[PDB]
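In order, the protein sequences belong to chains A, B, C and D.
Mapped onto the entry's author numbering, the consecutive letters of the first sequence carry residue numbers 248 to 296.
Mapped onto the entry's author numbering, the consecutive letters of the second sequence carry residue numbers 210 to 253.
Mapped onto the entry's author numbering, the consecutive letters of the third sequence carry residue numbers 91 to 238.
Mapped onto the entry's author numbering, the consecutive letters of the fourth sequence carry residue numbers 338 to 386.
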Amino acid sequence: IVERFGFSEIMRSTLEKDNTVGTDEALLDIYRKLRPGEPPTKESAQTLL
Amino acid sequence: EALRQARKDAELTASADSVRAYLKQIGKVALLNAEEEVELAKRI
Amino acid sequence: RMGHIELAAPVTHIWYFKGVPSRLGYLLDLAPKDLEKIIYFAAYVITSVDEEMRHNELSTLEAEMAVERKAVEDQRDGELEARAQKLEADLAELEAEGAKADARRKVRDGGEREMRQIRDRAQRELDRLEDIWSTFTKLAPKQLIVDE
Amino acid sequence: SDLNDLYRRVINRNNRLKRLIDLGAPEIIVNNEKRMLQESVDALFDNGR
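Written as structure tokens, this is what we have:
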């Protein structure tokens with residue numbers, strides 16, 4: 248992420264303040280936000296997007 | 210761990226849509242097999 | 091001339107529920123979300139509580155809850171002892187036969203992890219009982235209960 | 338008149354609730370029927386609110 252969107256300070260700031268550590272953490276949060284009320288998984292987190 | 214908390218938080222949601230709420234509440238009980246059916250009917 | 095339908099169950103006039111400010115909510119001091127949950131069968135609510143019988147039986151049912159907590163703790167310690175026996179068997183197998191230096195520790199850590207999960211189940215039970223006792227101890231009218 | 342439809346829905350759901358209570362039904366079905374009746378009366382008094 249810093250290799251591609253690294254030149255701006257806004258991006259570095261976002262990475263620092265994001266607090267989400269890990270691909271699976273991000274996918275879990277995304278699924279919990281997009282389709283709440285159903286049991287979060289790994290399958291329906293990836294194939295969701 | 211975090212997934213567990215997420216699932217629990219999800220279970221405490223209304224989902225407004227009444228069809229959605231009923232479709233949620235019907236999935237609580239698992240299905241059965243033939244022997245379960247016959248014993249249940251005998252109980253009735 | 092007008093007619094009238096006799097509803098088999100009561101319903102709430104929408105004008106006094108959804109129209110912000112929720113007049114039903116202000117009258118009953120129920121949050122609009124809570125009123126919407128109760129009215130649309132998404133969460134139960136307590137309408138009466140015998141504070142007298144709550145108070146007087148706060149010791150007898152306390153005794154019953156002590157008995158139940160003791161029983162769950164007894165099954166907990168029995169599970170821990172079963173873990174200890176299985177771990178003794180595992181270490182006997184590991185250090186009596188020729189195995190890898192880490193394989194013995196692999197199985198031992200596996201067993202201690204099974205016991206960590208057993209203690210997590212014990213914490214789950216402790217929650218299931220103590221949260222319910224706490225919910226009763228503060229049980230008052232107009233309190234919403236999600237998670238039927 | 339576009340109001341006979343809402344009244345018809347209310348009456349259908351009320352009669353069905355009466356029959357479900359009379360027969361003896363699990364709390365899931367009867368509570369769903371009650372929620373539907375509440376929604377029908379709501380729609381009768383104000384659609385889309």
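The C-beta atom is built at its ideal place from N, Cα and C for all residues, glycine as well.
At least one beta carbon of chain C lies nearer than 7 Å to the beta carbon of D379 (chain D). By the Cβ neighbour-count rule, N384 (chain D) is exposed, with fewer than 16 other Cβ atoms within 10 Å of its own. DSSP places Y134 (chain C) in the strand class (E or B) of the three-state scheme.
At a cut-off of 7 Å between beta carbons, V101 (chain C) contacts chain D. In the three-state reduction of the DSSP assignment, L216 (chain C) falls in the helix class, which pools H, G and I. Judged by DSSP secondary structure, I277 (chain A) falls within the alpha helix (DSSP H) whose first and last residues are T270 to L281.
Checking the DSSP bridge columns, you'll see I235 (chain C) partnered with C:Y134.
The three-state secondary structure of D119 (chain C), taken from DSSP, is coil. Contact of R216 (chain B) with chain A by beta-carbon distance below 7 Å involves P286 and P287. Put simply, of C:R113, C:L184 and C:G109 the residue whose alpha carbon is nearest the alpha carbon of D199 (chain C) is C:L184. Sequence-distant partners of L357 (chain D) (beyond 5 residues in either direction) whose C-beta falls short of 7 Å from its own C-beta, in its chain, are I366, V367 and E370. A Cβ-Cβ separation of about 16 Å leaves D119 (chain C) out of contact with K228 (chain C) under the 8 Å criterion.
Shown here for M258 (chain A): same chain residues with a beta carbon closer than 6 Å to its own, the five before and five after excluded, namely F252 in chain order. Taking 8 Å as the upper bound for CB-CB distance, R173 (chain C) and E204 (chain C) are in contact here, some 7 Å apart. Taking the CA atoms as reference points, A133 (chain C) sits about 14 Å from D218 (chain B). Counting the other CB atoms within 10 Å of its CB gives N351 (chain D) a total of 16 or more, which places it among the buried residues.
Interface criterion not met: the Cβ of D359 (chain D) is under 7 Å from no Cβ in chain C.
As the crow flies, the alpha-carbon of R144 (chain C) is around 30 Å from that of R211 (chain C). Apart from the 5 residues on each side of it in sequence, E215 (chain C) sits with its Cβ closer than 6 Å to the Cβ of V162 in its chain, given in chain order. The contact set of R251 (chain A) on chain B, defined by CB atoms closer than 9 Å, is empty, because the minimum CB distance reaches about 28 Å. Remark: three or more beta-carbon pairs, one from each stretch, lie closer than 8 Å, so the stretch 215-226 of chain C and the stretch 145-162 of chain C are flagged as touching. Burial is judged here by how many other beta carbons sit within 10 angstroms of a residue's own beta carbon; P283 (chain A) has fewer than 16 and is exposed.
Proximity of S224 (chain B) to chain D, defined by a Cβ-Cβ separation below 7 Å, is not satisfied. An exposed status is given to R91 (chain C), since fewer than 16 other beta-carbon atoms sit within 10 Å of its beta-carbon. By the CB criterion at 7 Å, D237 (chain C) and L212 (chain B) fall outside the cutoff. Under the Cβ criterion of 7 Å, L232 (chain B) is not counted among the residues facing chain A.
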